[PDB]
>>> print(open('upload02.cif').read())   # mmCIF, C-alpha atoms and all ligand atoms
data_input
#
loop_
_atom_site.group_PDB
_atom_site.id
_atom_site.type_symbol
_atom_site.label_atom_id
_atom_site.label_comp_id
_atom_site.auth_asym_id
_atom_site.auth_seq_id
_atom_site.Cartn_x
_atom_site.Cartn_y
_atom_site.Cartn_z
ATOM 1 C CA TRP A 1 -2.754 7.654 13.820
ATOM 2 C CA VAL A 2 -4.220 4.114 14.267
ATOM 3 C CA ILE A 3 -3.187 0.510 14.997
ATOM 4 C CA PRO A 4 -3.405 -1.008 11.439
ATOM 5 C CA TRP B 1 -17.059 3.967 -5.174
ATOM 6 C CA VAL B 2 -18.745 6.749 -3.100
ATOM 7 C CA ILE B 3 -20.269 10.234 -3.438
ATOM 8 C CA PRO B 4 -17.386 12.393 -2.012
ATOM 9 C CA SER C 1 -20.500 15.768 -9.515
ATOM 10 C CA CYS C 2 -17.561 13.230 -9.526
ATOM 11 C CA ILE C 3 -17.665 9.718 -7.947
ATOM 12 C CA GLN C 4 -14.711 8.608 -5.798
ATOM 13 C CA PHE C 5 -12.790 5.317 -5.447
ATOM 14 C CA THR C 6 -11.977 5.090 -1.677
ATOM 15 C CA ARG C 7 -8.958 2.748 -2.072
ATOM 16 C CA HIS C 8 -7.301 4.594 -5.032
ATOM 17 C CA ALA C 9 -4.685 6.680 -3.076
ATOM 18 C CA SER C 10 -3.629 3.636 -0.947
ATOM 19 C CA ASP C 11 -3.369 1.446 -4.123
ATOM 20 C CA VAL C 12 -1.261 4.165 -5.878
ATOM 21 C CA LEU C 13 1.119 4.330 -2.839
ATOM 22 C CA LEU C 14 1.339 0.508 -2.682
ATOM 23 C CA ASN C 15 2.378 0.401 -6.396
ATOM 24 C CA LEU C 16 4.928 3.213 -5.907
ATOM 25 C CA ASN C 17 6.414 1.165 -3.012
ATOM 26 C CA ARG C 18 6.539 -1.941 -5.311
ATOM 27 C CA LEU C 19 8.437 0.189 -7.901
ATOM 28 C CA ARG C 20 10.840 1.284 -5.102
ATOM 29 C CA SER C 21 11.466 -2.333 -3.882
ATOM 30 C CA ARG C 22 12.293 -3.349 -7.514
ATOM 31 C CA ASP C 23 14.386 -0.162 -8.092
ATOM 32 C CA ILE C 24 12.127 0.889 -11.045
ATOM 33 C CA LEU C 25 12.262 4.566 -12.195
ATOM 34 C CA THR C 26 14.141 5.609 -8.979
ATOM 35 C CA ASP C 27 15.927 8.862 -9.892
ATOM 36 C CA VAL C 28 17.876 9.831 -6.743
ATOM 37 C CA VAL C 29 20.234 8.329 -4.117
ATOM 38 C CA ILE C 30 20.005 9.783 -0.606
ATOM 39 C CA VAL C 31 23.332 9.374 1.219
ATOM 40 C CA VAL C 32 23.124 9.156 5.038
ATOM 41 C CA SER C 33 26.614 8.612 6.571
ATOM 42 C CA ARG C 34 27.917 5.437 4.786
ATOM 43 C CA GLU C 35 24.354 4.261 3.805
ATOM 44 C CA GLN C 36 22.648 4.845 0.427
ATOM 45 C CA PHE C 37 18.865 4.916 -0.217
ATOM 46 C CA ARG C 38 17.332 4.912 -3.704
ATOM 47 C CA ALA C 39 13.988 6.705 -4.129
ATOM 48 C CA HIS C 40 11.647 8.675 -6.396
ATOM 49 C CA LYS C 41 12.114 12.467 -6.122
ATOM 50 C CA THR C 42 8.303 13.064 -6.453
ATOM 51 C CA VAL C 43 7.474 10.772 -3.483
ATOM 52 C CA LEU C 44 10.202 12.416 -1.325
ATOM 53 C CA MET C 45 8.794 15.892 -2.231
ATOM 54 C CA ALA C 46 5.199 14.818 -1.505
ATOM 55 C CA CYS C 47 6.205 13.639 2.023
ATOM 56 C CA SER C 48 8.895 16.042 3.143
ATOM 57 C CA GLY C 49 9.193 19.827 3.362
ATOM 58 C CA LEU C 50 12.992 19.472 3.066
ATOM 59 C CA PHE C 51 12.893 17.389 -0.172
ATOM 60 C CA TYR C 52 10.145 19.680 -1.534
ATOM 61 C CA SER C 53 12.550 22.685 -1.114
ATOM 62 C CA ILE C 54 15.569 20.752 -2.558
ATOM 63 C CA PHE C 55 13.901 19.431 -5.699
ATOM 64 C CA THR C 56 12.072 22.744 -6.540
ATOM 65 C CA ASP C 57 15.496 24.433 -6.587
ATOM 66 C CA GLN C 58 16.520 25.049 -10.246
ATOM 67 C CA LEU C 59 20.079 23.643 -9.609
ATOM 68 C CA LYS C 60 19.392 20.846 -7.062
ATOM 69 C CA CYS C 61 16.344 19.471 -9.031
ATOM 70 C CA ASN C 62 18.964 17.952 -11.450
ATOM 71 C CA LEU C 63 21.195 16.192 -8.880
ATOM 72 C CA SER C 64 21.194 12.344 -8.849
ATOM 73 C CA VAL C 65 22.875 12.257 -5.376
ATOM 74 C CA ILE C 66 21.793 14.150 -2.202
ATOM 75 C CA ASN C 67 23.956 14.028 0.957
ATOM 76 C CA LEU C 68 22.153 14.583 4.258
ATOM 77 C CA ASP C 69 23.609 16.331 7.360
ATOM 78 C CA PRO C 70 26.202 13.981 9.100
ATOM 79 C CA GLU C 71 24.108 14.129 12.360
ATOM 80 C CA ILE C 72 21.278 12.152 10.611
ATOM 81 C CA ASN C 73 21.063 8.509 11.706
ATOM 82 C CA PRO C 74 20.669 6.003 8.756
ATOM 83 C CA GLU C 75 18.146 3.849 10.722
ATOM 84 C CA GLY C 76 15.941 6.890 11.515
ATOM 85 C CA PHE C 77 16.035 7.798 7.802
ATOM 86 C CA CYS C 78 15.194 4.219 6.727
ATOM 87 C CA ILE C 79 12.134 4.142 9.109
ATOM 88 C CA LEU C 80 10.947 7.487 7.646
ATOM 89 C CA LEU C 81 11.548 6.429 4.008
ATOM 90 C CA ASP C 82 9.453 3.279 4.698
ATOM 91 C CA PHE C 83 6.675 5.508 6.219
ATOM 92 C CA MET C 84 6.711 7.761 3.094
ATOM 93 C CA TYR C 85 5.975 4.762 0.839
ATOM 94 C CA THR C 86 3.572 2.861 3.172
ATOM 95 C CA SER C 87 1.864 5.240 5.746
ATOM 96 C CA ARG C 88 3.295 2.838 8.429
ATOM 97 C CA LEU C 89 5.716 4.138 11.073
ATOM 98 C CA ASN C 90 7.947 1.639 12.952
ATOM 99 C CA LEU C 91 8.113 3.724 16.149
ATOM 100 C CA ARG C 92 9.893 1.978 19.072
ATOM 101 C CA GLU C 93 11.372 3.030 22.470
ATOM 102 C CA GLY C 94 14.907 2.487 21.103
ATOM 103 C CA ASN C 95 14.422 4.550 17.919
ATOM 104 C CA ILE C 96 11.894 7.321 18.855
ATOM 105 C CA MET C 97 14.593 9.980 19.527
ATOM 106 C CA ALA C 98 16.390 9.299 16.187
ATOM 107 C CA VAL C 99 13.002 9.164 14.332
ATOM 108 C CA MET C 100 11.772 12.522 15.825
ATOM 109 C CA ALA C 101 15.107 14.282 15.085
ATOM 110 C CA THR C 102 15.152 12.944 11.479
ATOM 111 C CA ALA C 103 11.429 13.937 10.972
ATOM 112 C CA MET C 104 12.184 17.483 12.271
ATOM 113 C CA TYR C 105 15.124 17.765 9.789
ATOM 114 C CA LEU C 106 13.051 16.290 6.914
ATOM 115 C CA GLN C 107 10.090 18.583 7.881
ATOM 116 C CA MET C 108 7.462 15.776 8.245
ATOM 117 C CA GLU C 109 5.107 17.561 10.656
ATOM 118 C CA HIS C 110 2.646 14.676 11.323
ATOM 119 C CA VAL C 111 5.522 12.279 12.308
ATOM 120 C CA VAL C 112 7.017 15.015 14.588
ATOM 121 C CA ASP C 113 3.546 15.412 16.264
ATOM 122 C CA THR C 114 3.124 11.660 17.036
ATOM 123 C CA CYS C 115 6.757 11.414 18.361
ATOM 124 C CA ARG C 116 6.149 14.377 20.745
ATOM 125 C CA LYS C 117 2.870 12.721 21.909
ATOM 126 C CA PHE C 118 4.518 9.286 22.501
ATOM 127 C CA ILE C 119 7.513 10.892 24.358
ATOM 128 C CA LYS C 120 5.123 12.959 26.582
ATOM 129 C CA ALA C 121 3.178 9.744 27.567
ATOM 130 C CA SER C 122 6.432 8.097 28.855
ATOM 131 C CA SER D 1 4.067 -3.335 15.457
ATOM 132 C CA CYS D 2 3.881 -0.134 13.265
ATOM 133 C CA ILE D 3 1.381 2.751 13.770
ATOM 134 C CA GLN D 4 -0.433 4.135 10.709
ATOM 135 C CA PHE D 5 -1.354 7.667 9.558
ATOM 136 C CA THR D 6 -4.826 7.254 7.914
ATOM 137 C CA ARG D 7 -4.579 10.382 5.698
ATOM 138 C CA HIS D 8 -0.972 9.801 4.447
ATOM 139 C CA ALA D 9 -1.758 8.155 1.028
ATOM 140 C CA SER D 10 -4.439 10.808 0.198
ATOM 141 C CA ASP D 11 -2.020 13.642 1.231
ATOM 142 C CA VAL D 12 0.780 12.104 -0.939
ATOM 143 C CA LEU D 13 -1.613 11.936 -3.968
ATOM 144 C CA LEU D 14 -2.804 15.525 -3.347
ATOM 145 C CA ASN D 15 0.850 16.760 -3.388
ATOM 146 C CA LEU D 16 1.641 14.752 -6.549
ATOM 147 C CA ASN D 17 -1.403 16.425 -8.198
ATOM 148 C CA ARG D 18 -0.094 19.875 -7.046
ATOM 149 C CA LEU D 19 3.288 19.015 -8.679
ATOM 150 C CA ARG D 20 1.389 18.042 -11.881
ATOM 151 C CA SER D 21 -0.674 21.313 -11.952
ATOM 152 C CA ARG D 22 2.607 23.317 -11.606
ATOM 153 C CA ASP D 23 4.429 21.070 -14.159
ATOM 154 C CA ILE D 24 7.107 20.121 -11.541
ATOM 155 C CA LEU D 25 9.256 16.993 -12.218
ATOM 156 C CA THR D 26 6.856 15.824 -15.017
ATOM 157 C CA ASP D 27 8.955 13.505 -17.213
ATOM 158 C CA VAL D 28 6.610 12.441 -20.044
ATOM 159 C CA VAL D 29 4.130 13.914 -22.573
ATOM 160 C CA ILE D 30 1.192 11.699 -23.550
ATOM 161 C CA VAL D 31 -0.051 12.609 -27.043
ATOM 162 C CA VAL D 32 -3.748 11.887 -27.738
ATOM 163 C CA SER D 33 -4.725 13.036 -31.281
ATOM 164 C CA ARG D 34 -3.710 16.768 -31.350
ATOM 165 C CA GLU D 35 -3.753 17.077 -27.484
ATOM 166 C CA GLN D 36 -0.709 16.815 -25.177
ATOM 167 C CA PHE D 37 -0.756 15.823 -21.470
ATOM 168 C CA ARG D 38 2.255 16.183 -19.166
ATOM 169 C CA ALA D 39 2.569 13.661 -16.316
ATOM 170 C CA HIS D 40 4.845 11.675 -13.997
ATOM 171 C CA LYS D 41 5.745 8.211 -15.364
ATOM 172 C CA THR D 42 5.547 6.650 -11.827
ATOM 173 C CA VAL D 43 1.951 7.878 -11.257
ATOM 174 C CA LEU D 44 0.869 6.630 -14.733
ATOM 175 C CA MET D 45 2.457 3.197 -13.970
ATOM 176 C CA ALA D 46 0.829 3.015 -10.518
ATOM 177 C CA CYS D 47 -2.652 3.600 -12.067
ATOM 178 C CA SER D 48 -2.547 1.869 -15.423
ATOM 179 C CA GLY D 49 -1.628 -1.624 -16.615
ATOM 180 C CA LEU D 50 -0.773 -0.150 -20.042
ATOM 181 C CA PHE D 51 1.671 2.497 -18.679
ATOM 182 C CA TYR D 52 3.114 -0.108 -16.274
ATOM 183 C CA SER D 53 3.998 -2.321 -19.324
ATOM 184 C CA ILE D 54 5.349 0.661 -21.375
ATOM 185 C CA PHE D 55 7.637 2.133 -18.731
ATOM 186 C CA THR D 56 9.042 -1.282 -17.551
ATOM 187 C CA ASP D 57 10.176 -1.876 -21.148
ATOM 188 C CA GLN D 58 13.981 -1.331 -21.352
ATOM 189 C CA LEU D 59 13.616 0.843 -24.544
ATOM 190 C CA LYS D 60 10.302 2.678 -23.890
ATOM 191 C CA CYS D 61 11.224 3.542 -20.221
ATOM 192 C CA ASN D 62 13.540 6.248 -21.751
ATOM 193 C CA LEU D 63 11.017 7.938 -24.087
ATOM 194 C CA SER D 64 9.898 11.516 -23.221
ATOM 195 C CA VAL D 65 6.899 11.287 -25.641
ATOM 196 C CA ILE D 66 4.252 8.497 -25.832
ATOM 197 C CA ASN D 67 1.626 8.508 -28.620
ATOM 198 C CA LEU D 68 -1.648 6.732 -27.861
ATOM 199 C CA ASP D 69 -3.818 4.812 -30.393
ATOM 200 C CA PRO D 70 -5.661 7.343 -32.732
ATOM 201 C CA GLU D 71 -9.064 5.872 -31.595
ATOM 202 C CA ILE D 72 -8.480 7.310 -28.049
ATOM 203 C CA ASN D 73 -10.582 10.396 -27.291
ATOM 204 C CA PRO D 74 -8.583 13.288 -25.625
ATOM 205 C CA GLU D 75 -11.495 14.134 -23.245
ATOM 206 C CA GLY D 76 -11.774 10.497 -22.050
ATOM 207 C CA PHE D 77 -8.000 10.518 -21.430
ATOM 208 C CA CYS D 78 -8.151 13.859 -19.562
ATOM 209 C CA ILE D 79 -10.963 12.524 -17.248
ATOM 210 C CA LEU D 80 -8.848 9.403 -16.527
ATOM 211 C CA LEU D 81 -5.613 11.382 -15.958
ATOM 212 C CA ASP D 82 -7.529 13.568 -13.440
ATOM 213 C CA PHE D 83 -8.825 10.360 -11.701
ATOM 214 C CA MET D 84 -5.235 8.978 -11.476
ATOM 215 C CA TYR D 85 -4.091 12.075 -9.548
ATOM 216 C CA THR D 86 -7.257 12.638 -7.427
ATOM 217 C CA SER D 87 -9.312 9.354 -6.991
ATOM 218 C CA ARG D 88 -12.266 11.389 -8.455
ATOM 219 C CA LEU D 89 -13.958 10.264 -11.682
ATOM 220 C CA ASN D 90 -16.040 12.799 -13.681
ATOM 221 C CA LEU D 91 -18.431 10.179 -15.097
ATOM 222 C CA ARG D 92 -21.364 11.648 -17.099
ATOM 223 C CA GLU D 93 -24.005 10.317 -19.568
ATOM 224 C CA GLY D 94 -22.240 12.134 -22.439
ATOM 225 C CA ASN D 95 -18.742 10.796 -21.666
ATOM 226 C CA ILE D 96 -19.289 7.285 -20.142
ATOM 227 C CA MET D 97 -18.688 5.420 -23.454
ATOM 228 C CA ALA D 98 -15.414 7.320 -24.170
ATOM 229 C CA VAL D 99 -14.308 6.906 -20.489
ATOM 230 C CA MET D 100 -14.982 3.090 -20.459
ATOM 231 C CA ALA D 101 -13.192 2.562 -23.819
ATOM 232 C CA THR D 102 -10.166 4.640 -22.670
ATOM 233 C CA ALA D 103 -10.069 2.774 -19.262
ATOM 234 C CA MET D 104 -10.155 -0.611 -21.096
ATOM 235 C CA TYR D 105 -7.212 0.522 -23.319
ATOM 236 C CA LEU D 106 -5.290 1.960 -20.324
ATOM 237 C CA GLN D 107 -6.079 -1.234 -18.292
ATOM 238 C CA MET D 108 -7.686 0.554 -15.268
ATOM 239 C CA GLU D 109 -9.872 -2.322 -14.047
ATOM 240 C CA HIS D 110 -11.756 -0.482 -11.239
ATOM 241 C CA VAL D 111 -12.851 2.343 -13.648
ATOM 242 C CA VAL D 112 -13.958 -0.300 -16.238
ATOM 243 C CA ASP D 113 -16.043 -2.033 -13.471
ATOM 244 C CA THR D 114 -17.909 1.169 -12.413
ATOM 245 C CA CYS D 115 -18.579 2.127 -16.107
ATOM 246 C CA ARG D 116 -20.095 -1.346 -16.792
ATOM 247 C CA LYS D 117 -22.245 -0.996 -13.614
ATOM 248 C CA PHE D 118 -23.482 2.538 -14.534
ATOM 249 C CA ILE D 119 -24.244 1.470 -18.178
ATOM 250 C CA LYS D 120 -26.180 -1.638 -16.942
ATOM 251 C CA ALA D 121 -28.366 0.583 -14.623
ATOM 252 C CA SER D 122 -29.467 2.749 -17.633
HETATM 253 O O1 LIG E 1 5.119 18.109 6.822
HETATM 254 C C1 LIG E 1 5.258 18.343 5.626
HETATM 255 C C2 LIG E 1 5.026 17.409 4.429
HETATM 256 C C3 LIG E 1 5.282 18.308 3.247
HETATM 257 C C4 LIG E 1 5.184 18.048 1.882
HETATM 258 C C5 LIG E 1 5.462 19.142 0.983
HETATM 259 N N1 LIG E 1 5.303 18.929 -0.434
HETATM 260 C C6 LIG E 1 4.453 19.649 -1.245
HETATM 261 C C7 LIG E 1 3.664 20.734 -0.773
HETATM 262 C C8 LIG E 1 2.895 21.397 -1.707
HETATM 263 CL CL1 LIG E 1 1.930 22.677 -1.122
HETATM 264 N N2 LIG E 1 2.802 21.116 -3.040
HETATM 265 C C9 LIG E 1 3.539 20.063 -3.489
HETATM 266 C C10 LIG E 1 4.347 19.319 -2.641
HETATM 267 CL CL2 LIG E 1 5.188 18.008 -3.264
HETATM 268 C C11 LIG E 1 5.842 20.432 1.466
HETATM 269 C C12 LIG E 1 5.930 20.674 2.849
HETATM 270 C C13 LIG E 1 5.648 19.602 3.722
HETATM 271 N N3 LIG E 1 5.639 19.611 5.130
HETATM 272 O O1 LIG E 2 -6.100 -1.961 -13.239
HETATM 273 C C1 LIG E 2 -4.883 -1.868 -13.128
HETATM 274 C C2 LIG E 2 -4.060 -0.792 -12.403
HETATM 275 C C3 LIG E 2 -2.647 -1.290 -12.557
HETATM 276 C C4 LIG E 2 -1.451 -0.766 -12.070
HETATM 277 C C5 LIG E 2 -0.245 -1.503 -12.358
HETATM 278 N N1 LIG E 2 1.002 -1.028 -11.811
HETATM 279 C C6 LIG E 2 1.818 -1.756 -10.974
HETATM 280 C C7 LIG E 2 1.541 -3.098 -10.592
HETATM 281 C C8 LIG E 2 2.472 -3.721 -9.787
HETATM 282 CL CL1 LIG E 2 2.111 -5.320 -9.312
HETATM 283 N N2 LIG E 2 3.632 -3.184 -9.307
HETATM 284 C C9 LIG E 2 3.888 -1.892 -9.653
HETATM 285 C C10 LIG E 2 3.022 -1.163 -10.455
HETATM 286 CL CL2 LIG E 2 3.387 0.439 -10.796
HETATM 287 C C11 LIG E 2 -0.266 -2.707 -13.127
HETATM 288 C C12 LIG E 2 -1.485 -3.220 -13.605
HETATM 289 C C13 LIG E 2 -2.662 -2.500 -13.312
HETATM 290 N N3 LIG E 2 -3.988 -2.829 -13.652
HETATM 291 CL CL CL E 3 4.367 13.498 8.004
HETATM 292 CL CL CL E 4 -8.655 1.856 -11.776
#
>>> encode(input="upload02.cif", output="structure tokens")
Amino acid sequence: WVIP
Amino acid sequence: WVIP
Amino acid sequence: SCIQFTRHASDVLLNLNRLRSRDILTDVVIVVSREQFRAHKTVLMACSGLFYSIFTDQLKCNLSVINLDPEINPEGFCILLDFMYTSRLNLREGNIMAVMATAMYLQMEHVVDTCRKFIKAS
Amino acid sequence: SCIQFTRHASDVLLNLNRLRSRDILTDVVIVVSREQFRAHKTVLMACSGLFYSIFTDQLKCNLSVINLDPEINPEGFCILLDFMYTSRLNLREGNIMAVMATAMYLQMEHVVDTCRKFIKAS
């Protein structure tokens, strides 16, 4: 999971 | 396009 | 000896989401309490262990309407349906419990994992 | 303020390809000369400008069989159908002309671009  |  | 187009899967998902927003080729209605959500059976199956089981069933594969368990929160479902079609999860303090419970029911293991991690941190 | 799961789109496409290999929820047959190819209308639309036009047409959206132009090579189509479901293009010296021509007909602009680049190099 990432910060888009 | 890339070499997978 | 194939070549690969890096952005292809993302572009396919973006177009499937555009078809969903315009209600094109949607073949099922998911009923959650009073709320109704139109979707593509294939996308639901690709994202959820529960929908995979439902639509591989010889009788249920032909249903145009699927009713979820009355305990399922429509907002939690809506957040998860958006994630299925975009890869983006709108996870917030006020919705995390409803999102985790809905992801556990829908059998979306990667969403369940991030919810457990975010809950543990707080 | 969403979070994003990097591998989601690729995982969705992988599961759609698994459904295709097992002939699950396929809703159209594409006929290319004597050869028949089963697929999901939504995936074809998401990948091809030609299938997008066909299946948004109020009459054609309901057809279970689509016949392509007799000039289309079944092998070129098969290579492109595999690319739609995997992001991987089996581009070879012996097939590049048939692949480019089929991609131009199917309106798959990124495949057309790589074929033109590979032809120019040789
Ligand atoms: O967390 C999850 C997500 C998920 C998706 C699917 N859907 C498929 C799985 C296979 Cl192997 N082939 C085809 C399909 Cl559409 C099943 C279980 C789960 N669990
Ligand atoms: O090279 C290409 C690939 C492609 C795909 C699609 N399919 C869509 C486009 C839009 Cl905007 N919304 C929904 C869909 Cl399914 C149309 C044209 C082309 N050209
Ligand atoms: Cl997931
Ligand atoms: Cl393309």
>>> resolve_selection(input="upload02.cif", expression="the PyMOL selection byres (((chain C and resi 45) around 10) and not hetatm)", output="PyMOL selection string")
(chain C and resi 40-44+46-56+84) or (chain D and resi 12+15-16+19)
>>> calpha_fit_and_write(input="upload02.cif", fixed="chain C", moving="chain D", output="mmCIF file with C-alpha atoms, in the frame of the given file")
data_model
loop_
_atom_site.group_PDB
_atom_site.id
_atom_site.type_symbol
_atom_site.label_atom_id
_atom_site.label_comp_id
_atom_site.auth_asym_id
_atom_site.auth_seq_id
_atom_site.Cartn_x
_atom_site.Cartn_y
_atom_site.Cartn_z
ATOM 1 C CA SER D 1 -20.500 15.768 -9.515
ATOM 2 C CA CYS D 2 -17.561 13.229 -9.525
ATOM 3 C CA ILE D 3 -17.665 9.718 -7.947
ATOM 4 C CA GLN D 4 -14.711 8.608 -5.798
ATOM 5 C CA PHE D 5 -12.790 5.316 -5.447
ATOM 6 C CA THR D 6 -11.977 5.090 -1.676
ATOM 7 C CA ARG D 7 -8.958 2.747 -2.072
ATOM 8 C CA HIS D 8 -7.301 4.594 -5.032
ATOM 9 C CA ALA D 9 -4.686 6.680 -3.076
ATOM 10 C CA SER D 10 -3.630 3.636 -0.946
ATOM 11 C CA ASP D 11 -3.369 1.447 -4.122
ATOM 12 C CA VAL D 12 -1.261 4.165 -5.878
ATOM 13 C CA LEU D 13 1.119 4.330 -2.839
ATOM 14 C CA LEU D 14 1.338 0.507 -2.683
ATOM 15 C CA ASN D 15 2.378 0.401 -6.396
ATOM 16 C CA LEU D 16 4.929 3.212 -5.908
ATOM 17 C CA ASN D 17 6.414 1.164 -3.012
ATOM 18 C CA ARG D 18 6.539 -1.941 -5.311
ATOM 19 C CA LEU D 19 8.437 0.189 -7.901
ATOM 20 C CA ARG D 20 10.840 1.283 -5.103
ATOM 21 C CA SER D 21 11.466 -2.334 -3.882
ATOM 22 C CA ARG D 22 12.293 -3.350 -7.514
ATOM 23 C CA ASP D 23 14.386 -0.161 -8.093
ATOM 24 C CA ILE D 24 12.128 0.888 -11.046
ATOM 25 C CA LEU D 25 12.262 4.566 -12.195
ATOM 26 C CA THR D 26 14.141 5.609 -8.980
ATOM 27 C CA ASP D 27 15.928 8.862 -9.891
ATOM 28 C CA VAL D 28 17.876 9.831 -6.743
ATOM 29 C CA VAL D 29 20.235 8.329 -4.117
ATOM 30 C CA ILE D 30 20.005 9.782 -0.606
ATOM 31 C CA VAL D 31 23.333 9.373 1.219
ATOM 32 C CA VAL D 32 23.124 9.156 5.038
ATOM 33 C CA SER D 33 26.614 8.612 6.571
ATOM 34 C CA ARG D 34 27.918 5.437 4.786
ATOM 35 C CA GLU D 35 24.354 4.261 3.804
ATOM 36 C CA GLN D 36 22.648 4.845 0.427
ATOM 37 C CA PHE D 37 18.866 4.916 -0.217
ATOM 38 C CA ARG D 38 17.333 4.911 -3.704
ATOM 39 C CA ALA D 39 13.989 6.705 -4.130
ATOM 40 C CA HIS D 40 11.646 8.675 -6.396
ATOM 41 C CA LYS D 41 12.114 12.468 -6.122
ATOM 42 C CA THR D 42 8.303 13.065 -6.453
ATOM 43 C CA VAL D 43 7.473 10.772 -3.483
ATOM 44 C CA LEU D 44 10.202 12.417 -1.325
ATOM 45 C CA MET D 45 8.794 15.893 -2.231
ATOM 46 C CA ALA D 46 5.199 14.819 -1.506
ATOM 47 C CA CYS D 47 6.204 13.639 2.023
ATOM 48 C CA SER D 48 8.895 16.042 3.143
ATOM 49 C CA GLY D 49 9.193 19.827 3.362
ATOM 50 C CA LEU D 50 12.992 19.473 3.067
ATOM 51 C CA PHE D 51 12.893 17.389 -0.172
ATOM 52 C CA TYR D 52 10.146 19.681 -1.534
ATOM 53 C CA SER D 53 12.550 22.685 -1.114
ATOM 54 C CA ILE D 54 15.569 20.753 -2.558
ATOM 55 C CA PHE D 55 13.902 19.430 -5.699
ATOM 56 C CA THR D 56 12.073 22.743 -6.540
ATOM 57 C CA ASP D 57 15.496 24.433 -6.588
ATOM 58 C CA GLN D 58 16.520 25.050 -10.247
ATOM 59 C CA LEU D 59 20.079 23.644 -9.609
ATOM 60 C CA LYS D 60 19.392 20.846 -7.063
ATOM 61 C CA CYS D 61 16.344 19.471 -9.031
ATOM 62 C CA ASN D 62 18.965 17.952 -11.450
ATOM 63 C CA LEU D 63 21.195 16.192 -8.880
ATOM 64 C CA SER D 64 21.194 12.344 -8.850
ATOM 65 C CA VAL D 65 22.875 12.257 -5.376
ATOM 66 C CA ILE D 66 21.793 14.150 -2.202
ATOM 67 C CA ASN D 67 23.956 14.028 0.956
ATOM 68 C CA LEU D 68 22.154 14.583 4.257
ATOM 69 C CA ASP D 69 23.610 16.331 7.361
ATOM 70 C CA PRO D 70 26.202 13.981 9.100
ATOM 71 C CA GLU D 71 24.108 14.130 12.360
ATOM 72 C CA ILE D 72 21.278 12.152 10.611
ATOM 73 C CA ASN D 73 21.063 8.509 11.706
ATOM 74 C CA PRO D 74 20.669 6.002 8.756
ATOM 75 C CA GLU D 75 18.147 3.850 10.722
ATOM 76 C CA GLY D 76 15.941 6.889 11.515
ATOM 77 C CA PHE D 77 16.035 7.798 7.801
ATOM 78 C CA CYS D 78 15.194 4.219 6.727
ATOM 79 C CA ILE D 79 12.134 4.142 9.109
ATOM 80 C CA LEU D 80 10.947 7.486 7.646
ATOM 81 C CA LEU D 81 11.548 6.430 4.009
ATOM 82 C CA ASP D 82 9.453 3.279 4.699
ATOM 83 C CA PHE D 83 6.675 5.507 6.219
ATOM 84 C CA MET D 84 6.711 7.761 3.093
ATOM 85 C CA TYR D 85 5.975 4.762 0.839
ATOM 86 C CA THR D 86 3.572 2.860 3.172
ATOM 87 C CA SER D 87 1.865 5.240 5.746
ATOM 88 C CA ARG D 88 3.295 2.838 8.429
ATOM 89 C CA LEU D 89 5.715 4.138 11.073
ATOM 90 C CA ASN D 90 7.946 1.639 12.953
ATOM 91 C CA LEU D 91 8.113 3.724 16.148
ATOM 92 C CA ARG D 92 9.893 1.978 19.072
ATOM 93 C CA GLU D 93 11.372 3.030 22.471
ATOM 94 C CA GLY D 94 14.906 2.487 21.103
ATOM 95 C CA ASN D 95 14.422 4.550 17.919
ATOM 96 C CA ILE D 96 11.894 7.321 18.855
ATOM 97 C CA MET D 97 14.594 9.980 19.527
ATOM 98 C CA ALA D 98 16.390 9.299 16.187
ATOM 99 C CA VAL D 99 13.001 9.164 14.332
ATOM 100 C CA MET D 100 11.772 12.522 15.825
ATOM 101 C CA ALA D 101 15.107 14.283 15.085
ATOM 102 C CA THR D 102 15.152 12.943 11.480
ATOM 103 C CA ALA D 103 11.429 13.937 10.972
ATOM 104 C CA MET D 104 12.183 17.483 12.272
ATOM 105 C CA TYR D 105 15.123 17.765 9.789
ATOM 106 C CA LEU D 106 13.051 16.291 6.914
ATOM 107 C CA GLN D 107 10.091 18.583 7.881
ATOM 108 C CA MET D 108 7.461 15.776 8.246
ATOM 109 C CA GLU D 109 5.106 17.561 10.657
ATOM 110 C CA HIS D 110 2.646 14.676 11.324
ATOM 111 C CA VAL D 111 5.521 12.279 12.309
ATOM 112 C CA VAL D 112 7.016 15.015 14.588
ATOM 113 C CA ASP D 113 3.546 15.412 16.265
ATOM 114 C CA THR D 114 3.124 11.660 17.037
ATOM 115 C CA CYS D 115 6.757 11.415 18.361
ATOM 116 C CA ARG D 116 6.148 14.377 20.745
ATOM 117 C CA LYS D 117 2.870 12.722 21.909
ATOM 118 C CA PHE D 118 4.518 9.286 22.501
ATOM 119 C CA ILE D 119 7.513 10.891 24.358
ATOM 120 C CA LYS D 120 5.123 12.959 26.582
ATOM 121 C CA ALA D 121 3.178 9.745 27.568
ATOM 122 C CA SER D 122 6.431 8.096 28.856
#
>>> residues_near_point(input="upload02.cif", point="(-7.8, 2.1, 10.9)", cutoff="9 Å", atoms="all atoms listed in the file", output="VMD selection string")
(chain A and resid 1 to 4) or (chain D and resid 4 to 6)
>>> closest_atom_pairs(input="upload02.cif", of="chain D", to="ligand CL 4 (chain E)", cutoff="8 Å", atoms="all atoms listed in the file", output="JSON lines")
{"residue": "D:47", "atom": "CA", "partner": "E:CL4", "partner_atom": "CL", "distance": 6.3}
{"residue": "D:48", "atom": "CA", "partner": "E:CL4", "partner_atom": "CL", "distance": 7.1}
{"residue": "D:84", "atom": "CA", "partner": "E:CL4", "partner_atom": "CL", "distance": 7.9}
{"residue": "D:103", "atom": "CA", "partner": "E:CL4", "partner_atom": "CL", "distance": 7.7}
{"residue": "D:107", "atom": "CA", "partner": "E:CL4", "partner_atom": "CL", "distance": 7.7}
{"residue": "D:108", "atom": "CA", "partner": "E:CL4", "partner_atom": "CL", "distance": 3.9}
{"residue": "D:109", "atom": "CA", "partner": "E:CL4", "partner_atom": "CL", "distance": 4.9}
{"residue": "D:110", "atom": "CA", "partner": "E:CL4", "partner_atom": "CL", "distance": 3.9}
{"residue": "D:111", "atom": "CA", "partner": "E:CL4", "partner_atom": "CL", "distance": 4.6}
{"residue": "D:112", "atom": "CA", "partner": "E:CL4", "partner_atom": "CL", "distance": 7.3}
